[PDB]
> 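First the structure, then my questions, so here it is.
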Amino acid sequence: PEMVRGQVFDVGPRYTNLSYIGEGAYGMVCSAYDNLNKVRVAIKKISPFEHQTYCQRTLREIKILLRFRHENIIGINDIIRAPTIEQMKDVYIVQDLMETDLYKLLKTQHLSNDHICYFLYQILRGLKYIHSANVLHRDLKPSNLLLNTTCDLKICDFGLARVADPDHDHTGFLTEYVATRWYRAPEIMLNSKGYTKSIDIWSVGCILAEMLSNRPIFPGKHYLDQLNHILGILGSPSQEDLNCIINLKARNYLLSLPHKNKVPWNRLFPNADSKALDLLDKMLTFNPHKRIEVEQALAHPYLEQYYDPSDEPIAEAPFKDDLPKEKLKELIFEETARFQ
Ligand SMILES: *CCC(=O)Nc1ccccc1Nc1nc(NC2CCOCC2)ncc1Cl
């Protein structure tokens, strides 16, 4: 078995000439030459079987990505694992090799208004498919958006995804930890479990703001500072929006704050296209019920050069917690069997 910086990376004989790329959420990722398709690919090594939560996340990532088939969602090209459950200690997921991620691109490159428009169109096009499958990504952020050399965008990492459940979305104040802090909708901190499609729209709004300025718009230093950054720009919520917050702890917290005025988007982003700012405003709406939906966002004038509903497909079959790690290991073994 081949080795990559003091760790086994057993993918041969199909995959050779390994090169370390970096560390993903669940471990080492390498690039390799696929001797069958004659191209370089990306290979993620996952070792999840000792922990139930690691098994849950790996199972979600695989089951979701194998069901999805969309130009703007990273696929799974192959899955490598031992022939028997007893010998399976790791799983290798093979995916198309991309040139960069939006996180890395935002750290060093200025994006033209044309690139912002095209990237936002592709994110929304992929999100339309995901949401049409009744799935919430729940961790949209720049590092989860891969780009190839021609700026084709692919959404990745469905390990934190959930089936939408708007009826069971209500919860207490300061309980929920959905998404990565900077991209977390205000309702997560107030009264939401993050089980509605509006959570993903918020994250996309955050990504759009970050493409406009190359800096996160709400860079909370910790969990409890996130809402302060949001309110610092959006201003105090209206009486109508507070009436939607029935939980007394969350409502009274918001009522205890001094009045804050809205910071105009045009002052925050003076170089931004006015149509981009109108859409940003609709995505970064405090009240989740008034927040724009993915299909409405695609139809916004900012995206008029790309908008084509006949070329924005939906899922053919939508998707409709305490399983021990032994059972989850068997389910991962069954879901990966097709690649043997
Ligand atoms: C879906 C997010 C993910 O897997 N990210 C990741 C983190 C670290 C290394 C590799 C990956 N995945 C990945 N990377 C690439 N290309 C790299 C090239 C170098 O710049 C970063 C992206 N291609 C595919 C995949 Cl799955």
Side-chain angles (χ1 to χ4, degrees), residues 102 106 111-128 131 136-137 140-142 145 178-192 194 196-220 226-227 229-239 241-245 254 257 259-266 268-289 291-304 306-307 312:
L102 186 63
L106 291 170
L111 271 50
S112 69
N113 180 49
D114 288 334
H115 283 87
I116 299 173
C117 194
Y118 187 48
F119 290 162
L120 181 61
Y121 177 67
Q122 296 182 79
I123 296 161
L124 295 164
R125 185 166 183 264
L127 195 61
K128 181 183 169 191
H131 282 185
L136 312 178
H137 185 280
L140 294 171
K141 61 182 165 178
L145 300 176
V178 172
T180 291
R181 190 196 314 140
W182 299 345
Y183 307 91
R184 207 174 264 164
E187 62 269 22
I188 294 309
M189 279 78 77
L190 300 163
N191 64 355
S192 175
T196 77
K197 292 171 182 183
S198 53
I199 59 115
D200 279 338
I201 294 293
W202 182 271
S203 303
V204 181
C206 289
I207 292 163
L208 172 55
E210 192 162 343
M211 292 192 287
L212 292 168
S213 64
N214 294 86
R215 273 217 51 80
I217 184 175
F218 311 124
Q226 196 54 35
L227 191 58
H229 281 263
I230 297 166
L231 305 180
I233 294 301
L234 265 60
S236 296
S238 69
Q239 176 71 251
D241 296 348
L242 282 163
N243 294 336
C244 300
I245 301 180
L254 293 167
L257 305 165
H259 172 46
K260 306 156 132 99
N261 282 299
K262 184 171 180 65
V263 181
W265 299 117
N266 62 80
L268 278 175
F269 306 110
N271 293 83
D273 185 298
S274 67
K275 286 175 203 191
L277 300 183
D278 188 75
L279 180 49
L280 177 63
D281 184 63
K282 296 175 156 59
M283 298 182 113
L284 296 188
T285 290
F286 177 87
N287 184 342
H289 307 82
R291 200 171 297 145
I292 196 163
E293 292 201 6
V294 68
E295 290 164 304
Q296 284 171 289
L298 283 161
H300 190 276
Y302 181 52
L303 300 176
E304 65 195 301
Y306 298 104
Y307 186 52
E312 294 153 9

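Here, residue 1 is the first one in the sequence, and each next residue gets the next number. The figures that follow rest on heavy atoms only: side chains count, while hydrogens, waters and symmetry mates do not.
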> Assess the residue pair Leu208 and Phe119 against the criterion (side-chain contact (heavy atoms from CB on, under 4.5 Å)); give the C-alpha distance rounded to whole Å, side-chain angles, the decisive distance to 0.1 Å, and a yes or no.
CA-CA 9 Å; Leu208 172 55; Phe119 290 162; over 6 Å; no

> Distance from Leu280 atom CG to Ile207 atom CD1, nearest 0.5 Å?
12.0 Å

> Check whether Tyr302 reaches the backbone of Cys117 with its side chain - one donor and one acceptor, N or O, closer than 3.5 Å.
yes

> If you measure from CG on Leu127 to CG on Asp200, what distance do you get to the nearest 0.5 Å?
5.0 Å

> Give me the atom names and distance for the closest heavy-atom approach of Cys244 to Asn191.
O-ND2, 4.2 Å

> Does any part of the side chain of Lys262, heavy atoms only, come nearer than 4.5 Å to the side chain of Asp281, both counted from C-beta?
yes

> Got a sec, which residues hit side chain to side chain donor-acceptor pair (under 3.5 Å) with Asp278, two or more places apart in sequence or on another chain?
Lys282, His300

> Measure the CD1-CG distance between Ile123 and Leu140 for me, rounded to the nearest 0.5 Å.
8.0 Å

> Measure the CG-CD distance between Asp241 and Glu187 for me, rounded to the nearest 0.5 Å.
11.0 Å

> Taking all atoms of both residues into account, what is the closest heavy-atom pair of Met211 and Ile116, and its distance?
O-CD1, 3.6 Å

> Do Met189 and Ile230 have side-chain heavy atoms sitting under 4.5 Å apart?
yes

> For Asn214 and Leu106, indicate whether the former's side chain and the latter's backbone hold a donor-acceptor pair under 3.5 Å.
yes

> Heavy atoms, side chains only, cut-off 4.5 Å: are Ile201 and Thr285 in contact?
no

> Output the distance between atom CG (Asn287) and atom OG (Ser238), rounded to the nearest 0.5 Å.
7.5 Å

> What's the verdict on side-chain contact (heavy atoms from CB on, under 4.5 Å) for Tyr118 and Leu111, showing C-alpha distance, side-chain angles and the deciding distance?
CA-CA 11 Å; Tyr118 187 48; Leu111 271 50; over 6 Å; no

> Would you call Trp182 and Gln226 a side-chain contact if the rule is heavy atoms closer than 4.5 Å?
yes

> Going by the rule side chain to side chain contact (heavy atoms under 4.5 Å, CB included), which residues pair with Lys128 if we only count those two or more places apart in sequence or in a different chain?
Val294, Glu295, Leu298, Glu312, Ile314

> Indicate the atoms forming the closest heavy-atom contact of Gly232 with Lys260, along with that distance.
N-CE, 4.2 Å

> According to side chain to side chain contact (heavy atoms under 4.5 Å, CB included), who are the partners of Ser274, at least two apart in sequence or on a separate chain?
none

> Identify the heavy atoms of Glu210 and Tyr183 that sit nearest to each other, and give their distance.
OE1-OH, 2.6 Å

> Set out, in order, the CA-CA distance, both residues' side-chain angles and the distance that settles side-chain contact (heavy atoms from CB on, under 4.5 Å) for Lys275 and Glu304, then state yes or no.
CA-CA 10 Å; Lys275 286 175 203 191; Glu304 65 195 301; 3.1 Å; yes

> In chain order, what residues pass the salt bridge (charged side-chain N to carboxylate O under 4.0 Å, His left out) check against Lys141, with sequence neighbours excluded?
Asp139

> At their closest point, which heavy atom of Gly220 faces which heavy atom of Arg181, and how far apart are they?
O-NH1, 2.8 Å

> Rounded to the nearest 0.5 Å, what's the gap from CD1 on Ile245 to CG on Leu190? Could you check?
5.0 Å

> For a 4.5 angstrom cut-off between non-hydrogen side-chain atoms, does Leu231 reach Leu254?
yes

> Name all residues meeting the side chain to side chain contact (heavy atoms under 4.5 Å, CB included) criterion together with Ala297; count only those two or more places apart in sequence or in a different chain, and write none if there are none.
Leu124, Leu279, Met283, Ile292

> Is any side-chain heavy atom of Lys197 closer than 4.5 Å to a side-chain heavy atom of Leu136?
yes

> A side-chain contact here means heavy atoms from C-beta on lying under 4.5 Å apart; do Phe218 and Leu284 qualify?
yes

> Tell me the closest heavy-atom pair linking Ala209 and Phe269, and the distance in Å.
O-CE2, 3.6 Å

> For the residue pair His229 and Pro216, establish whether any side-chain heavy-atom pair is separated by less than 4.5 Å.
no

